[PDB]
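Data first, discussion second: the structure below is written as structure tokens.
Chains as they are written, first to last, in the entry's author numbering: chain D, 4 to 150; chain C, 4 to 150; chain B, 4 to 150; chain A, 4 to 150; chain A', 4 to 150; chain B', 4 to 150; chain D', 4 to 150; chain C', 4 to 150. A prime marks a further copy of an entry chain.
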């Protein structure tokens with residue numbers, strides 16, 4: 004389960020991570036004491052994982068974002084590319100996928116010429132071929148849907 | 004215009020979006036008022052776009068995630084697609100992309116059968132062909148990097 | 004022809020468009036009067052077309068450059084895409100080509116998201132499909148070779 | 004850092020690279036000394052990269068121009084190719100590019116037979132496969148745009 | 004029906020098309036009249052198709068030669084293409100071919116720009132897609148072999 | 004140059020290699036003495052190279068003609084395939100090319116089964132892979148265009 | 004079944020269709036009466052279908068043989084290509100196949116230029132795309148194996 | 004050399020390979036001796052290659068037929084493959100072919116499992132890679148055509 008008072012909470016917190024123990028308890032129909040517990044139980048069970056402010060990447064100097072799809076070159080070696088690229092800070096996300104390639108990464112970078120460097124570094128560090136698709140614009144990002 | 008103080012605030016708010024101002028203050032060597040001021044300006048300029056609990060899509064019943072690349076059936080018409088799909092809730096992100104397709108969506112759904120039904124809804128509301136890549140596993144995501 | 008004193012002049016002027024009527028006449032082996040004429044004859048015959056300082060595009064805010072290859076969609080219409088895109092100032096160059104596409108344009112633009120707009124504008128204005136290749140770095144540009 | 008005055012100087016030098024300082028001065032409302040100073044700073048920072056007579060490649064015997072995309076035979080080695088081709092004179096420009104190939108060259112040559120011979124030289128000196136696109140006509144080029 | 008005498012005449016006329024009859028006669032052990040007769044019959048049956056000075060395409064200004072394979076846009080229509088291209092003069096030869104394309108042309112032209120213009124003329128007059136292979140060098144050609 | 008009386012001569016001789024010193028001098032507007040010199044100067048300068056009668060290949064037993072495209076297998080060896088195949092008499096022509104393959108040969112042969120032999124012999128003698136395209140019909144051959 | 008005296012007969016007749024009722028009866032171990040019956044029972048049950056002398060196709064003027072693979076163009080129409088091509092006498096064999104194409108035909112024809120005609124006729128008569136593979140040599144043909 | 008009489012005999016022997024001489028004689032207006040003579044000459048020259056009962060491959064237990072294209076693992080060695088496969092009995096025909104593969108075989112086998120085992124035997128005895136196309140149905144075969 005996830006009792007649908009727990010549900011109203013996760014919707015509220017997904018839409019506004021700074022929402023207060025206080026103002027939640029109105030919309031929810033509970034007490035500042037009662038709300039505060041569910042939330043701690045929600046963080047312990049792995050349901051809310053973190054609270055993050057959403058930073059605009061262009062404002063901090065990331066003018067090019069890209070999906071980078073990668074496939075290991077040598078199948079006799081352990082396929083450990085996520086772990087291998089983890090220290091690379093410009094990889095924001097790393098997914099395994101069912102398609103032509105094995106993983107998709109979302110990468111942010113200062114310019115077209117920084118991407119070229121990142122790609123070579125991805126390639127020599129994990130041991131992969133790269134294919135990259137450049138993002139032109141983000142129309143909306145992380146609208147978590149709670150069903 | 005992002006000075007060293009602003010840089011520090013956005014790193015801390017990326018790592019913890021419920022950082023209270025008193026903690027941010029003592030971390031940037033400012034007063035709580037000056038922090039609150041900086042933070043508000045970060046919000047009203049482009050830089051912090053909102054704050055969100057990072058929610059486990061599995062815990063809430065989204066067992067299948069996919070990327071869907073979409074391309075308009077008639078590309079001559081100025082293109083509507085992000086605005087028209089905005090109201091389908093299981094679409095979480097929408098990027099326009101270079102190369103052969105026009106947009107990539109991330110989508111989350113309860114099952115295989117709910118995915119095929121969503122693909123129909125997407126094909127019809129944006130008037131688009133679709134190419135889907137199921138995500139098998141998320142190794143890490145949203146690791147935002149402030150340089 | 005192009006008498007190989009005329010040749011030494013075009014090499015000199017290709018390498019340095021600010022080279023003086025004066026200092027040319029040493030390297031060339033002629034008079035400030037004699038040099039000045041050849042040059043005016045070279046500008047009248049269509050040989051030197053202009054003098055331009057080479058501006059670094061990043062310094063003026065063009066952070067992304069791209070080749071954009073385009074092919075008219077309707078072959079019953081006059082193929083006039085160069086003329087049609089001429090007023091678009093971000094098209095720096097426009098070539099017809101023998102390959103998969105009919106023309107190649109070199110385009111410069113503020114960001115990845117400005118490119119997306121430019122592409123739609125190219126498409127609705129000339130009546131074309133677009134394919135774009137993003138430039139990551141210019142290692143050297145316009146080294147005119149005089150044989 | 005480009006103020007309004009600097010912007011004016013680079014537009015004028017783009018449109019006429021032999022603008023004399025007295026003309027630039029009266030155009031920016033500065034003294035000839037202040038102009039000369041501005042111009043020198045533009046040169047030593049990245050902004051003006053040199054000055055060139057724009058030469059008609061046909062008048063000097065280059066009747067064939069081509070784009071050549073190149074890709075390394077062994078991409079694992081750190082990539083040398085722009086440095087190694089720098090000394091082939093009929094290569095006019097060298098860009099690195101996203102997508103499937105690594106660089107695009109512009110090349111000018113006297114004839115079809117001289118093109119095949121250049122392709123061999125390129126294949127061997129950079130150790131690369133080549134894809135050529137002949138240019139049939141130049142409608143306009145180098146129209147530099149200062150925004 | 005080619006006897007030994009006829010075989011000798013066609014070898015000599017292949018190697019020297021201005022062989023005079025007196026030289027051909029003494030070479031085949033015939034009279035000048037019998038030679039002239041044989042030669043006329045060779046002409047009126049299929050065997051000698053005409054006589055030509057072999058001309059250096061470079062000396063006359065054709066610096067670029069190419070093969071162009073062509074394939075009809077609509078292959079259902081009985082195919083016109085050799086008859087329709089017969090009147091484009093820079094087409095030197097026209098073969099129909101097995102495999103994926105329908106014809107191969109040899110074409111000679113003054114430069115890269117004149118090639119792109121010819122490709123347009125070919126695409127439009129025969130209604131065909133084109134695949135071009137530039138010839139870099141001719142090592143030997145027309146070495147006719149009589150077995 | 005090539006003075007356009009020289010031009011009328013090469014057109015005439017390209018169309019009819021047996022055209023007489025005599026009958027040329029009408030069409031040309033010169034003397035049997037004057038015509039005869041230009042022609043000898045044309046043969047000395049490399050402009051007319053030979054006179055050949057055009058033999059129909061089917062009439063002499065060449066029932067299959069083919070283009071054979073070839074690429075050396077070992078790039079550490081000297082690329083000398085033209086020289087190596089020169090003694091092979093069924094190779095009528097040998098070109099170097101810019102495309103997927105390095106050379107194109109035109110070959111004539113008694114039958115489909117003789118081609119199979121020729122191909123193996125090409126392969127073991129030069130050291131090459133072969134790709135062959137079979138000619139079904141020659142609609143016209145060697146129409147030299149004098150511009 | 005097929006009693007293995009019946010088997011010795013079919014082997015014998017496959018190897019030699021002119022083998023006599025007489026000489027079979029030795030090798031087989033039966034009577035001129037007994038052999039003659041099995042054979043008539045073998046022709047009635049559909050086991051031996053015909054007796055044919057194997058004609059060399061080159062000796063009768065078929066200098067090119069080809070496999071021609073074909074696929075109907077319109078799947079709303081009945082797929083009846085075997086029946087439609089049956090009157091075409093140069094189709095020796097017609098098979099349906101599991102692969103990229105729907106049928107394979109073996110075709111024999113006077114020359115490369117007759118094949119081109121046959122192909123167009125196959126295409127307009129059945130309603131198919133064609134792909135042809137040319138036979139260079141038959142090393143052995145119809146060795147029926149009786150297991 | 005095939006006159007009208009010879010043409011008639013090969014048609015009749017194609018349609019019925021057990022035609023007795025008396026029937027062939029009265030059909031060609033010859034004596035039985037002259038027929039027997041003609042037939043013997045047809046045999047000793049290339050023209051009639053043998054005589055065969057056409058046997059139903061199904062009736063004798065070959066329920067699966069396939070085409071197998073084969074290509075040598077090392078094509079530099081003069082090619083052995085038809086001689087080496089001659090002794091595998093379930094190979095019925097062997098052609099060499101133009102294009103990408105070197106030979107096509109027709110093969111008949113009792114079942115899917117017997118096919119995989121034959122593919123191994125082929126791969127190993129000729130040292131070849133294989134591409135198989137199962138035959139689903141034979142609509143007509145061996146319809147020999149005498150023109």
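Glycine is no exception: its CB is placed at the ideal position from the N, C-alpha and C atoms.
Do you know offhand how far residue i's Cα is from residue j's?
i	j	result
residue 37 (chain C)	residue 52 (chain D)	29 Å
residue 27 (chain D)	residue 108 (chain D)	35 Å
residue 60 (chain A)	residue 57 (chain B)	18 Å
residue 104 (chain A')	residue 134 (chain D')	11 Å
residue 20 (chain D)	residue 86 (chain B)	53 Å
residue 4 (chain D')	residue 47 (chain C')	39 Å
residue 203 (chain C)	residue 118 (chain D)	Beyond the ends of chain C as shown, which are 4 and 150, falls residue 203 (chain C); an answer cannot be given.
residue 55 (chain B)	residue 150 (chain B')	38 Å
residue 12 (chain A')	residue 25 (chain A')	12 Å
residue 148 (chain B)	residue 146 (chain A)	20 Å
residue 88 (chain D')	residue 69 (chain C)	49 Å
residue 110 (chain C')	residue 75 (chain C')	18 Å
residue 10 (chain C')	residue 33 (chain D')	38 Å
residue 141 (chain B)	residue 84 (chain A)	13 Å
residue 18 (chain B)	residue 6 (chain A)	29 Å
residue 91 (chain D')	residue 77 (chain D')	21 Å
residue 40 (chain B')	residue 94 (chain A)	44 Å
residue 98 (chain B')	residue 106 (chain B')	5 Å
residue 14 (chain B')	residue 126 (chain A')	27 Å
residue 102 (chain C')	residue 102 (chain C)	33 Å
Just curious, the alpha helix (DSSP H) that residue i is in, first and last residue?
i	result
residue 144 (chain A')	Segment: none, residue 144 (chain A') is in no alpha helix (DSSP H) and carries neither H nor E.
residue 34 (chain C)	Note, residue 34 (chain C): premise wrong, no alpha helix (DSSP H); not H, not E.
residue 51 (chain B)	Not the alpha helix (DSSP H): residue 51 (chain B) falls in the beta strand (DSSP E), residues 51-58.
residue 8 (chain D')	7-18
Contact defined as beta carbons within less than 8 Å: I believe residue i pairs with residue j. What is the distance between those atoms, to the nearest angstrom?
i	j	result
residue 115 (chain D')	residue 67 (chain D')	6 Å
residue 137 (chain B)	residue 100 (chain A)	7 Å
residue 8 (chain A)	residue 31 (chain A)	5 Å
residue 79 (chain A')	residue 144 (chain B')	Their Cβ separation, rounded to whole angstroms, is 28 Å, which puts residue 79 (chain A') and residue 144 (chain B') out of contact at 8 Å.
residue 50 (chain A')	residue 62 (chain B')	4 Å
Given that a residue counts as buried once 16 or more other Cβ atoms are within 10 Å of its Cβ, and exposed if not, what is residue i?
i	result
residue 42 (chain C)	buried
residue 128 (chain D)	exposed
residue 121 (chain A)	buried
residue 72 (chain A)	buried
residue 35 (chain B')	exposed
residue 29 (chain D')	exposed
residue 124 (chain D)	exposed
residue 82 (chain C')	buried
residue 65 (chain D')	buried
residue 16 (chain C)	buried
residue 139 (chain A')	buried
Residue ranges of each beta strand (DSSP E) within the segment 62-125 of chain D, 3 or longer: 67-75, 94-100 and 106-112
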